[PDB]
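Participant: Got a structure here, written out as structure tokens. Questions coming.
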Amino acid sequence: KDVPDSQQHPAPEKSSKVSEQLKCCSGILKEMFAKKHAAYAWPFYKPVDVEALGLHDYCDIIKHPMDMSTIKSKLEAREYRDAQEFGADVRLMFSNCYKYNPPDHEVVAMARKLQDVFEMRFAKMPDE
Amino acid sequence: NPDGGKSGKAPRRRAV
């Protein structure tokens with residue numbers, strides 16, 4: 001066991017670093033909810049209405065469902081421990097359509113371009 | 001019915 005005497009980024013109060021990174025993540029979802037992205041990301045904003053498509057096996061495949069509404073909620077509550085976590089659950093729902101739907105299919109194609117803007121948006125992580 | 005995936009989206013116009 002080794003105690004980290006260097007906390008990477010020494011912050012006053014409690015943990016300024018984590019807050020600044022998560023706030024950037026809020027900036028991301030705020031944009032991903034913007035009407036410009038709503039043209040194609042509309043199915044990801046809210047949990048898919050399974051009745052509408054007439055699926056018969058979402059829970060049988062999708063063991064870790066996530067949606068852009070719920071994820072933002074937890075972010076607003078700041079239950080997220082850092083940026084690594086935020087990126088994980090966003091890619092959760094994106095990869096959900098990927099494994100359950102063939103890569104040439106609609107949702108995964110829409111997610112494909114979301115993944116693009118998302119990847120760049122998450123690349124905007126300052127350290128100091 | 002096309003089960004086993006999300007075969008039922010509204011992209012442009014599912015017709016042709």
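Starting from 1 in every chain, residues are counted up; chains themselves are A, B, ... following the order of the structure tokens, and ligands are numbered from 1 as listed.
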Taking only C-alpha atoms into account, what are the residues of chain B at most 8 Å from chain A, put as a PyMOL selection string?

Facilitator: chain B and resi 1-9+11

Participant: Please save N, CA and C atoms of the selected residues as a short mmCIF file (atom, residue, chain, number, x, y, z; two decimals), in the first residue's frame.

Facilitator:
```cif
data_model
loop_
_atom_site.label_atom_id
_atom_site.label_comp_id
_atom_site.auth_asym_id
_atom_site.auth_seq_id
_atom_site.Cartn_x
_atom_site.Cartn_y
_atom_site.Cartn_z
N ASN B 1 -42.75 -10.03 -37.95
CA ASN B 1 -42.19 -8.84 -37.27
C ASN B 1 -40.67 -8.96 -37.14
N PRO B 2 -39.94 -7.88 -37.47
CA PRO B 2 -38.48 -7.87 -37.41
C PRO B 2 -37.95 -7.68 -35.99
N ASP B 3 -38.00 -8.75 -35.20
CA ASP B 3 -37.47 -8.72 -33.84
C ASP B 3 -35.96 -8.97 -33.87
N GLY B 4 -35.32 -8.88 -32.71
CA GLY B 4 -33.89 -9.08 -32.65
C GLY B 4 -33.12 -7.83 -33.01
N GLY B 5 -33.73 -6.68 -32.78
CA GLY B 5 -33.06 -5.42 -33.03
C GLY B 5 -34.04 -4.29 -33.24
N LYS B 6 -33.51 -3.08 -33.33
CA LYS B 6 -34.31 -1.87 -33.43
C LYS B 6 -34.76 -1.59 -34.85
N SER B 7 -35.45 -2.55 -35.45
CA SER B 7 -35.95 -2.40 -36.81
C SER B 7 -37.29 -1.66 -36.81
N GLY B 8 -37.23 -0.34 -36.65
CA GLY B 8 -38.44 0.46 -36.63
C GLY B 8 -38.18 1.91 -36.26
N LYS B 9 -37.36 2.58 -37.06
CA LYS B 9 -37.02 3.97 -36.81
C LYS B 9 -37.72 4.88 -37.81
N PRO B 11 -36.33 7.74 -39.87
CA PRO B 11 -35.21 8.56 -40.32
C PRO B 11 -35.66 9.67 -41.26
#
```

Participant: Just the alpha helix (DSSP H) stuff from chain A, please, per backbone DSSP, written as a PDB file with C-alpha atoms, in the first residue's frame.

Facilitator:
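Contents of selection-v4.pdb, as written:
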```pdb
ATOM      1  CA  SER A  16     -11.966  22.038  -7.619  1.00  0.00           C
ATOM      2  CA  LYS A  17     -10.488  19.823 -10.349  1.00  0.00           C
ATOM      3  CA  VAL A  18     -13.310  17.285 -10.471  1.00  0.00           C
ATOM      4  CA  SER A  19     -15.931  20.041 -10.522  1.00  0.00           C
ATOM      5  CA  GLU A  20     -14.309  21.819 -13.484  1.00  0.00           C
ATOM      6  CA  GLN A  21     -14.079  18.633 -15.557  1.00  0.00           C
ATOM      7  CA  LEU A  22     -17.687  17.578 -14.828  1.00  0.00           C
ATOM      8  CA  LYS A  23     -18.897  21.088 -15.671  1.00  0.00           C
ATOM      9  CA  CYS A  24     -17.266  20.633 -19.087  1.00  0.00           C
ATOM     10  CA  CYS A  25     -19.224  17.401 -19.441  1.00  0.00           C
ATOM     11  CA  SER A  26     -22.422  19.345 -18.767  1.00  0.00           C
ATOM     12  CA  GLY A  27     -21.393  21.640 -21.598  1.00  0.00           C
ATOM     13  CA  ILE A  28     -21.230  18.569 -23.811  1.00  0.00           C
ATOM     14  CA  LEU A  29     -24.707  17.169 -23.049  1.00  0.00           C
ATOM     15  CA  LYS A  30     -26.142  20.694 -23.206  1.00  0.00           C
ATOM     16  CA  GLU A  31     -24.944  20.869 -26.800  1.00  0.00           C
ATOM     17  CA  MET A  32     -25.874  17.257 -27.570  1.00  0.00           C
ATOM     18  CA  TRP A  42     -33.579  12.366 -30.854  1.00  0.00           C
ATOM     19  CA  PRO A  43     -33.769   8.562 -30.001  1.00  0.00           C
ATOM     20  CA  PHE A  44     -30.866   9.003 -27.533  1.00  0.00           C
ATOM     21  CA  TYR A  45     -32.363  12.022 -25.705  1.00  0.00           C
ATOM     22  CA  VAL A  50     -39.912  -0.117 -27.170  1.00  0.00           C
ATOM     23  CA  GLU A  51     -43.604  -0.280 -28.064  1.00  0.00           C
ATOM     24  CA  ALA A  52     -43.222   2.021 -31.062  1.00  0.00           C
ATOM     25  CA  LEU A  53     -40.674  -0.167 -32.879  1.00  0.00           C
ATOM     26  CA  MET A  68     -29.084  11.122 -22.328  1.00  0.00           C
ATOM     27  CA  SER A  69     -31.831  12.351 -20.001  1.00  0.00           C
ATOM     28  CA  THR A  70     -30.860  10.146 -17.032  1.00  0.00           C
ATOM     29  CA  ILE A  71     -27.100  10.657 -17.478  1.00  0.00           C
ATOM     30  CA  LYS A  72     -27.492  14.460 -17.414  1.00  0.00           C
ATOM     31  CA  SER A  73     -29.659  14.143 -14.284  1.00  0.00           C
ATOM     32  CA  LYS A  74     -26.878  12.367 -12.381  1.00  0.00           C
ATOM     33  CA  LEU A  75     -24.449  14.966 -13.661  1.00  0.00           C
ATOM     34  CA  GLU A  76     -26.657  17.796 -12.369  1.00  0.00           C
ATOM     35  CA  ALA A  77     -26.663  16.005  -9.026  1.00  0.00           C
ATOM     36  CA  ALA A  83     -14.792  12.849 -16.400  1.00  0.00           C
ATOM     37  CA  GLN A  84     -13.739   9.224 -17.039  1.00  0.00           C
ATOM     38  CA  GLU A  85     -17.078   8.138 -15.677  1.00  0.00           C
ATOM     39  CA  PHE A  86     -19.159  10.539 -17.788  1.00  0.00           C
ATOM     40  CA  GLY A  87     -17.578   9.287 -20.999  1.00  0.00           C
ATOM     41  CA  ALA A  88     -18.222   5.707 -20.010  1.00  0.00           C
ATOM     42  CA  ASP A  89     -22.012   5.892 -19.603  1.00  0.00           C
ATOM     43  CA  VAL A  90     -22.388   7.984 -22.784  1.00  0.00           C
ATOM     44  CA  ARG A  91     -20.571   5.263 -24.724  1.00  0.00           C
ATOM     45  CA  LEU A  92     -22.731   2.733 -22.877  1.00  0.00           C
ATOM     46  CA  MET A  93     -25.920   3.709 -24.690  1.00  0.00           C
ATOM     47  CA  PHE A  94     -24.036   4.303 -27.943  1.00  0.00           C
ATOM     48  CA  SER A  95     -22.520   0.810 -27.761  1.00  0.00           C
ATOM     49  CA  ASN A  96     -25.949  -0.554 -26.769  1.00  0.00           C
ATOM     50  CA  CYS A  97     -27.291  -0.043 -30.285  1.00  0.00           C
ATOM     51  CA  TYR A  98     -23.926  -1.234 -31.653  1.00  0.00           C
ATOM     52  CA  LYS A  99     -24.085  -4.766 -30.236  1.00  0.00           C
ATOM     53  CA  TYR A 100     -27.846  -5.184 -30.548  1.00  0.00           C
ATOM     54  CA  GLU A 106     -30.067   3.443 -38.679  1.00  0.00           C
ATOM     55  CA  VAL A 107     -29.514   4.100 -34.932  1.00  0.00           C
ATOM     56  CA  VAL A 108     -25.935   2.890 -35.025  1.00  0.00           C
ATOM     57  CA  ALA A 109     -25.292   5.127 -38.020  1.00  0.00           C
ATOM     58  CA  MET A 110     -26.730   8.091 -36.130  1.00  0.00           C
ATOM     59  CA  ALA A 111     -24.691   7.132 -33.074  1.00  0.00           C
ATOM     60  CA  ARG A 112     -21.657   6.812 -35.343  1.00  0.00           C
ATOM     61  CA  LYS A 113     -21.722  10.541 -36.068  1.00  0.00           C
ATOM     62  CA  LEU A 114     -22.726  11.359 -32.454  1.00  0.00           C
ATOM     63  CA  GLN A 115     -19.662   9.398 -31.376  1.00  0.00           C
ATOM     64  CA  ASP A 116     -17.712  11.742 -33.661  1.00  0.00           C
ATOM     65  CA  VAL A 117     -18.840  15.056 -32.142  1.00  0.00           C
ATOM     66  CA  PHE A 118     -18.882  13.449 -28.672  1.00  0.00           C
ATOM     67  CA  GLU A 119     -15.277  12.252 -29.033  1.00  0.00           C
ATOM     68  CA  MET A 120     -14.098  15.731 -30.018  1.00  0.00           C
ATOM     69  CA  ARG A 121     -16.265  17.363 -27.354  1.00  0.00           C
ATOM     70  CA  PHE A 122     -14.748  15.095 -24.693  1.00  0.00           C
TER      71      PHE A 122
END
```

Participant: What is the atom CA of residue A:78-atom CA of residue A:127 distance in Å, reported with one decimal?

Facilitator: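 Going from atom CA of residue A:78 over to atom CA of residue A:127, I get 18.9 Å.
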
Participant: As an exercise, work out the distance from atom CA of residue A:66 to atom CA of residue A:81 in Å and give it to one decimal place.

Facilitator: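 We find that atom CA of residue A:66 and atom CA of residue A:81 lie 17.4 Å from each other.
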
Participant: I need the residue nearest residue B:10 from this list: A:82, A:103, A:124, A:41. Use only C-alpha atoms for the distance.

Facilitator: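 Using only C-alpha atoms, the shortest distance to residue B:10 belongs to A:41.
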
Participant: Please report the interatomic distance between atom CA of residue A:79 and atom CA of residue A:63 in Å with one decimal.

Facilitator: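 Computed distance, atom CA of residue A:79 to atom CA of residue A:63, equals 21.3 Å.
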